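Asks: this one's experimental. Sequence and coordinates below.
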Amino acid sequence: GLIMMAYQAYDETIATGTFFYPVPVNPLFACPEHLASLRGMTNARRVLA
Amino acid sequence: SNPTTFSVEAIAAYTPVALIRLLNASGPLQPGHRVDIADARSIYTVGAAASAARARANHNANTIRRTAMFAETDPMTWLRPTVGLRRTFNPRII
Amino acid sequence: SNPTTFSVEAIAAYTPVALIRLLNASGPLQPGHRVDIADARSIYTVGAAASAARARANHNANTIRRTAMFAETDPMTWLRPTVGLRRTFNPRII
Amino acid sequence: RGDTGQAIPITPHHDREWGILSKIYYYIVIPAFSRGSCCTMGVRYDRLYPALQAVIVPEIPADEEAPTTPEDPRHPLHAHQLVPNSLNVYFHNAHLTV
Amino acid sequence: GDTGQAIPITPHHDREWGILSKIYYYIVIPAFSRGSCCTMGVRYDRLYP
């Protein structure tokens, strides 16, 4: 797979639905900013927990 | 083109307006005559922009079709990428 | 090549896939028609691999054949082991 | 250095050094003078393993050299091979050659 | 997407847009300008031509 630091998603050069996907995984890193995955639903997972 | 016949401003004027690099607006006027005015202003720019987009016409022997820049499907996507441009090169054909 | 006859995608498609300069995948598609689909992707595979494996032919008029990459026997090795290249030389045969 | 057979046999690959120092920045270097940016995922393997094409240039020109400096039109990383579909206009968002 | 007419509006960027924009405009700008910068609206009818 891969690892990655911080990039650009509000968004104007790169895709979705071909070659990437979340993971939060193997514990000693702290990543606040992958806010951008998988749509059609509520408001649930960024301002409830 | 004919007949409207040519923008003298006046308030006729005519929508295209198929000139370029016009040293005509200033130029003399001199000044605008006794009419109402309001658009005028709109009918001016709406044609001026076209008279530069059409004024390109050529320079397309030097371009370069545009691309998606951005993109979306792209009816295949399923065996072949879809991404586009940011336009930081130069198009010039020499 | 003939007849299969030409990959239009469609889901025929054909195994090689012996073109260069394919403005074809896209191109229009437009889109893929009413067929089941799945492979496709792999018949696309073994053929697109041929699509430049065969398309080499030339660019051996500039090369630069390979090396042993590395060395071990190397059927003699008794007075003569080797090392395979790393060749920063800028290879063109000129 | 291999030749055919059926199963070529058990003993250590590389073995017991390269195991504790390289994978020894896993404990050692990055997310805290960082304050933590490196973010890891596994893959599924298709936009590099089934789709990465397009085939258009002429040869590197016939039978000479290859220096560096960047200017004007004839080329692959030139849009004479760059609108979108290959690897090339794809490629230069930034400032460089091939 | 299609701009269209029946398609409703969606945010261009996720919520972190709001947080970052607010922090910037309300801390970094006043910290540098020190109450000299002024906010104004434009005259498009006098600009576009």
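Replies: Alright, I've got the coordinates. Numbers count the residues shown, from 1 in each chain, chains lettered A, B, ... in the order given.

Asks: now do the SS call for residue D:19.
Replies: helix (DSSP: H, G, I helix; E, B strand; the rest coil).

Asks: what's the neighbour count on residue D:97?
Replies: 11 (other C-beta atoms under 10 Å in any protein chain shown). Every C-beta, even on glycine, is put in place using the N, C-alpha and C of the backbone.

Asks: do the same with residue B:6
Replies: 14.

Asks: pull the contacting residues for the closest residue to chain A within chain B.
Replies: Relative to chain A, the nearest point of chain B is residue B:83 (5.7 Å; C-beta to the nearest C-beta). Under the criterion of C-beta atoms under 8 Å, 6 or more residues apart in numbering or on different chains, the contact partners of residue B:83 comprise A:13-15, B:71, D:84, D:90.

Asks: setting aside sequence neighbours, what's the nearest residue to residue D:37?
Replies: residue A:5 (3.5 Å; C-beta to C-beta, 6 or more residues apart in numbering or on different chains).

Asks: just residue B:84 next, same as before
Replies: In space, residue B:84 is closest to residue B:68, 3.7 Å off (C-beta to C-beta, 6+ apart).

Asks: and if you look at residue A:15?
Replies: residue B:83 (5.7 Å).

Asks: could you say what helices and strands the helix or strand residue E:29 falls within packs with?
Replies: Applying DSSP states H and E as the criterion places residue E:29 in helix E:29-33. Taking 3 or more C-beta pairs under 8 Å, 6 or more residues apart in numbering or on different chains; DSSP states H and E as contact, there are no helices or strands that helix E:29-33 lies on.

Asks: tell me the first helix or strand C-terminal of that helix.
Replies: helix E:44-47.

Asks: residues in contact with that next one?
Replies: For helix E:44-47, using C-beta under 8 Å, 6+ apart, the contacting residues are residue B:41.

Asks: got it, and stretch B:40-49?
Replies: So stretch B:40-49 is contacted by B:11, B:13, B:15-17, E:45, E:48-49 (C-beta under 8 Å, 6+ apart).

Asks: run a quick neighbour tally on the residue of chain A at minimum distance from chain B.
Replies: Closest residue of chain A to chain B, C-beta to the nearest C-beta: residue A:15 (5.7 Å). Number of residues near residue A:15 (other C-beta under 10 Å) recorded here: 16.

Asks: ok, now which ones touch it?
Replies: B:81-83, D:47 are the contacts of residue A:15 under C-beta under 8 Å, 6+ apart.

Asks: that one and chain E, how far apart?
Replies: 15 Å (C-beta to the nearest C-beta, to the nearest Å).

Asks: what about that residue, helix or strand, and which?
Replies: With DSSP H and E as the criterion, residue A:15 is inside neither a helix nor a strand.

Asks: ok, residue A:37 next?
Replies: Short version, using DSSP H and E: residue A:37 is in no helix or strand.

Asks: assumed residue D:40 was part of a strand.
Replies: Yes. Under three-state DSSP, residue D:40 sits within a strand.

Asks: surely it and residue A:4 touch.
Replies: Yes. Using C-beta atoms under 8 Å, residue D:40 is in contact with residue A:4, at 7.3 Å.

Asks: ok, the residue nearest to residue D:37 - contacts?
Replies: Counting by C-beta under 8 Å, 6+ apart, residue A:5 has contacts D:37-39.

Asks: want to try CSV for the residues you listed, with neighbour count and distance to residue C:49 as columns?
Replies: Output for the contacts of residue A:5, formatted as CSV (neighbours: other C-beta atoms under 10 Å in any protein chain shown; distance: C-beta to C-beta, whole Å):
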residue, neighbour count, distance to residue C:49
D:37, 18, 37
D:38, 16, 34
D:39, 22, 33
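
Asks: could you dump stretch D:80-95 to PDB, C-alpha only?
Replies: Extracted in PDB, the C-alpha atoms of stretch D:80-95 (Å, rounded to 0.1, in the frame of the first residue of the first chain):
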ATOM      1  CA  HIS D  80       2.800  17.800 -29.600                       C
ATOM      2  CA  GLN D  81       2.500  14.900 -27.200                       C
ATOM      3  CA  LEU D  82       0.500  16.500 -24.200                       C
ATOM      4  CA  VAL D  83      -3.200  17.300 -24.200                       C
ATOM      5  CA  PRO D  84      -4.500  14.700 -21.800                       C
ATOM      6  CA  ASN D  85      -3.900  10.900 -22.300                       C
ATOM      7  CA  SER D  86      -0.500   9.300 -22.000                       C
ATOM      8  CA  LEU D  87       1.700  10.300 -19.200                       C
ATOM      9  CA  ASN D  88       2.900  13.600 -20.500                       C
ATOM     10  CA  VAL D  89       0.800  16.800 -20.000                       C
ATOM     11  CA  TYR D  90      -0.100  14.700 -17.000                       C
ATOM     12  CA  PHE D  91       3.300  14.800 -16.100                       C
ATOM     13  CA  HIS D  92       4.500  19.100 -15.800                       C
ATOM     14  CA  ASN D  93       2.200  21.000 -13.500                       C
ATOM     15  CA  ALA D  94       5.700  22.200 -12.000                       C
ATOM     16  CA  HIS D  95       9.000  23.100 -14.100                       C
END
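
Asks: show me what counts as buried in it.
Replies: D:81-86, D:88-90, D:92 (16 or more other C-beta atoms under 10 Å in any protein chain shown).

Asks: which residues are contacting it?
Replies: A:13, B:64-65, B:67-68, B:71, B:80-81, B:83-86, B:88-89, C:23, C:25-26, D:52-57, D:73-77, D:79, D:98.
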